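Chains as they are written, first to last, in PDB author numbering: chain 1J, 9 to 155; chain 1m, 1 to 122; chain 1G, 2 to 99; chain 1o, 50 to 125; chain 1I, 5 to 134. These notes concern the structure reproduced below.
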């Protein structure tokens, strides 16, 4: 509203299992941040989903110890190495291909990656080309259809 | 920016081709950095249909009001002389707050008097 | 009428500044066994306030700026704790004393 | 092995969706893999007889090239 | 070459344009700016474009949109309404100011039927519908 933003920290916590000590420990303890209300509001949000979903949270830390955080669906890296194959990206991506994915998993993830709170006016072709870029970053190969 | 002021009243006709200084001053004084230096300050905008020339009229912390010719001077010039006059009023203040008479006055003939170099001595 | 002003800051435990005779003399205490006395030149006057702040006024810009430089050169700021005489708007960059 | 998207859906009521036949898909989805024009082609053409999107790609690619060039000469 | 972009963008922008105005985009965040641009494109049919003042008018010179030249100072976003439904296009930004509480970003000047109306003047044109 009027607060000069003291900090903004990103944070990864599996869905619903926010017990504030291993991931929510020093991360919020470094900046005076409270734990109880944050955890109850977070687990009051990501209760609709399966547990053990590596969901990402951006906390906008302030000076009055107030919170206005945004919760984001997990990275496209996890979405692509779960919907494609092994959980180990390439050592030298673009030289050592690891797993191959056609276009349809990309389309479904782009349907998922539009449901973020700030992507209502982004079109699906844009997200699709972005997902091809993320795939090329990891050594994952992209094709038309696998048989 | 806003550390000597208590009201920035800006009025301009919207259509007149000399509105650049007024809208640029609105850009200067409505910034995130500006309002975190004086949240108690007031920025007043008066949009008008008549053909008065654009006018930036500020008033300072010690009630001093000093208008400006907004249609003829740039916003950076307005800001520079606001900084100068505000610094002068702040200098005059702790002068009156500490029992010193303001303005400090000296006779205008000691310039012609020779001044040997200031050597600090025990 | 004095148009030009320059403000000095005294930082340090036990450091003091004191004007004596209508601004014509300045006395500093800079940790020594004595006081450091500066004779203020013509068309320059000096004042001290309740912030350990020295003020230099006058009608000649050259003389006022030079006298402020002289007062700062009496005890320029040291880099490890920021003690000494400095300009009010001057930024001192500190370093870690091991 | 290629009938469902693995782990896409995360809702507890819902499950993983299925790969639809090629009628429910948009037409652009099989044009994603094409070779968009690069900077070498666009720098040797005529700027005035370029299309709008080709001009847009040309200006963003030239900005990226010059920003990376600045970073390279300013690096250490 | 970057002016060729603005010439082309406003050439496509003026093909069905009925209305040009400006928005003072001081203080708007990137997320707020993209949100306003997206609101104006689906709830209405209007394209928003940030550009130089000197390029836009030079692509509005010797044109129908010729006399806007005084109202081309300050940080401006150009709102080319490409539809006929001016009332909804003006109502959605009023809804934007009401909901998001941005009262420093105002509609400054407009050209309709080659007439520069004041922000006092193009308010009853938002009041009337069709």
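Don't be surprised by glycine CBs; every beta carbon is placed ideally from N, CA and C.
Residue environment, residue i, which counts as buried when at least 16 other CB atoms sit within 10 Å
{"i": "residue 126 (chain 1I)", "result": "buried"}
{"i": "residue 4 (chain 1I)", "result": "This structure does not reach residue 4 (chain 1I), given that chain 1I is present from 5 up to 134, and the question cannot be answered."}
{"i": "residue 69 (chain 1J)", "result": "buried"}
{"i": "residue 58 (chain 1G)", "result": "buried"}
{"i": "residue 94 (chain 1J)", "result": "exposed"}
{"i": "residue 37 (chain 1J)", "result": "exposed"}
{"i": "residue 102 (chain 1m)", "result": "exposed"}
{"i": "residue 46 (chain 1G)", "result": "buried"}
{"i": "residue 61 (chain 1G)", "result": "buried"}
Boundaries of the alpha helix (DSSP H) in which residue i is found, first to last residue
{"i": "residue 43 (chain 1I)", "result": "34 to 46"}
{"i": "residue 88 (chain 1G)", "result": "Per DSSP, residue 88 (chain 1G) belongs to no alpha helix (DSSP H); it is in the beta strand (DSSP E), 85 to 88."}
{"i": "residue 97 (chain 1m)", "result": "75 to 97"}
{"i": "residue 88 (chain 1I)", "result": "Here residue 88 (chain 1I) belongs to no alpha helix (DSSP H), and DSSP marks it neither H nor E."}
{"i": "residue 31 (chain 1m)", "result": "Element bounds for residue 31 (chain 1m): n/a, residue is neither H nor E."}
{"i": "residue 15 (chain 1I)", "result": "6 to 17"}
{"i": "residue 142 (chain 1J)", "result": "132 to 146"}
{"i": "residue 19 (chain 1m)", "result": "Per DSSP, residue 19 (chain 1m) belongs to no alpha helix (DSSP H) and is neither H nor E."}
{"i": "residue 57 (chain 1I)", "result": "57 to 60"}
{"i": "residue 86 (chain 1J)", "result": "84 to 91"}
{"i": "residue 131 (chain 1I)", "result": "128 to 131"}
Unbroken beta strand (DSSP E) run spanning residue i, endpoints
{"i": "residue 98 (chain 1J)", "result": "Segment: none, residue 98 (chain 1J) is in no beta strand (DSSP E) and carries neither H nor E."}
{"i": "residue 62 (chain 1J)", "result": "62 to 69"}
{"i": "residue 67 (chain 1m)", "result": "65 to 69"}
{"i": "residue 18 (chain 1G)", "result": "17 to 20"}
{"i": "residue 6 (chain 1m)", "result": "5 to 13"}
{"i": "residue 28 (chain 1I)", "result": "24 to 28"}
{"i": "residue 119 (chain 1I)", "result": "119 to 121"}
Closest residue to residue i among the options (Cα-Cα distance)
{"i": "residue 18 (chain 1J)", "options": "52 (chain 1J), 155 (chain 1J) and 64 (chain 1J)", "result": "64 (chain 1J)"}
{"i": "residue 87 (chain 1o)", "options": "69 (chain 1o), 98 (chain 1o), 106 (chain 1o) and 96 (chain 1o)", "result": "106 (chain 1o)"}
{"i": "residue 6 (chain 1m)", "options": "18 (chain 1m), 35 (chain 1m), 15 (chain 1m) and 31 (chain 1m)", "result": "35 (chain 1m)"}
{"i": "residue 28 (chain 1G)", "options": "13 (chain 1G), 12 (chain 1G), 48 (chain 1G) and 84 (chain 1G)", "result": "48 (chain 1G)"}
{"i": "residue 54 (chain 1J)", "options": "22 (chain 1J), 9 (chain 1J), 131 (chain 1J) and 43 (chain 1J)", "result": "22 (chain 1J)"}
{"i": "residue 77 (chain 1I)", "options": "112 (chain 1I), 43 (chain 1I) and 103 (chain 1I)", "result": "112 (chain 1I)"}
{"i": "residue 143 (chain 1J)", "options": "128 (chain 1J), 50 (chain 1J) and 111 (chain 1J)", "result": "111 (chain 1J)"}
{"i": "residue 53 (chain 1G)", "options": "87 (chain 1G), 2 (chain 1G), 93 (chain 1G) and 99 (chain 1G)", "result": "87 (chain 1G)"}
{"i": "residue 74 (chain 1m)", "options": "23 (chain 1m), 86 (chain 1m) and 49 (chain 1m)", "result": "23 (chain 1m)"}
{"i": "residue 96 (chain 1G)", "options": "4 (chain 1G), 36 (chain 1G) and 83 (chain 1G)", "result": "83 (chain 1G)"}
{"i": "residue 132 (chain 1J)", "options": "77 (chain 1J), 13 (chain 1J) and 117 (chain 1J)", "result": "117 (chain 1J)"}
{"i": "residue 101 (chain 1I)", "options": "10 (chain 1I), 17 (chain 1I), 14 (chain 1I) and 37 (chain 1I)", "result": "37 (chain 1I)"}
{"i": "residue 145 (chain 1J)", "options": "66 (chain 1J), 104 (chain 1J), 120 (chain 1J) and 129 (chain 1J)", "result": "104 (chain 1J)"}
{"i": "residue 93 (chain 1G)", "options": "30 (chain 1G), 2 (chain 1G), 3 (chain 1G) and 10 (chain 1G)", "result": "10 (chain 1G)"}
{"i": "residue 82 (chain 1I)", "options": "5 (chain 1I), 9 (chain 1I) and 23 (chain 1I)", "result": "23 (chain 1I)"}
{"i": "residue 114 (chain 1I)", "options": "106 (chain 1I), 130 (chain 1I), 103 (chain 1I) and 13 (chain 1I)", "result": "130 (chain 1I)"}
{"i": "residue 118 (chain 1m)", "options": "89 (chain 1G), 22 (chain 1G), 36 (chain 1G) and 75 (chain 1G)", "result": "75 (chain 1G)"}
{"i": "residue 67 (chain 1o)", "options": "67 (chain 1J), 71 (chain 1J) and 113 (chain 1J)", "result": "113 (chain 1J)"}
{"i": "residue 16 (chain 1J)", "options": "91 (chain 1J), 74 (chain 1J) and 60 (chain 1J)", "result": "74 (chain 1J)"}
{"i": "residue 21 (chain 1I)", "options": "68 (chain 1I), 8 (chain 1I) and 30 (chain 1I)", "result": "68 (chain 1I)"}
{"i": "residue 77 (chain 1o)", "options": "134 (chain 1J), 147 (chain 1J) and 92 (chain 1J)", "result": "134 (chain 1J)"}
{"i": "residue 150 (chain 1J)", "options": "122 (chain 1J), 108 (chain 1J) and 115 (chain 1J)", "result": "108 (chain 1J)"}
{"i": "residue 12 (chain 1m)", "options": "79 (chain 1m), 72 (chain 1m) and 92 (chain 1m)", "result": "72 (chain 1m)"}
Backbone secondary structure at residue i - three-state DSSP
{"i": "residue 53 (chain 1J)", "result": "coil"}
{"i": "residue 107 (chain 1I)", "result": "coil"}
{"i": "residue 55 (chain 1m)", "result": "strand"}
{"i": "residue 80 (chain 1I)", "result": "strand"}
{"i": "residue 43 (chain 1m)", "result": "strand"}
{"i": "residue 23 (chain 1J)", "result": "coil"}
{"i": "residue 123 (chain 1J)", "result": "coil"}
{"i": "residue 52 (chain 1I)", "result": "strand"}
{"i": "residue 38 (chain 1m)", "result": "coil"}
{"i": "residue 149 (chain 1J)", "result": "strand"}
{"i": "residue 77 (chain 1J)", "result": "coil"}
{"i": "residue 96 (chain 1I)", "result": "helix"}
{"i": "residue 40 (chain 1J)", "result": "coil"}
{"i": "residue 2 (chain 1m)", "result": "coil"}
{"i": "residue 72 (chain 1m)", "result": "coil"}
{"i": "residue 11 (chain 1J)", "result": "coil"}
{"i": "residue 114 (chain 1I)", "result": "strand"}
{"i": "residue 18 (chain 1J)", "result": "strand"}
What are the complete alpha helix (DSSP H) segments, minimum 4 residues, inside the region 51 to 120 of chain 1o? 88 to 92
Practice problem: Could I get the ranges of all uninterrupted alpha helix (DSSP H) runs contained in the region 3 to 79 of chain 1G, with 4 residues as the minimum, in chain order? | Solution: 62 to 75
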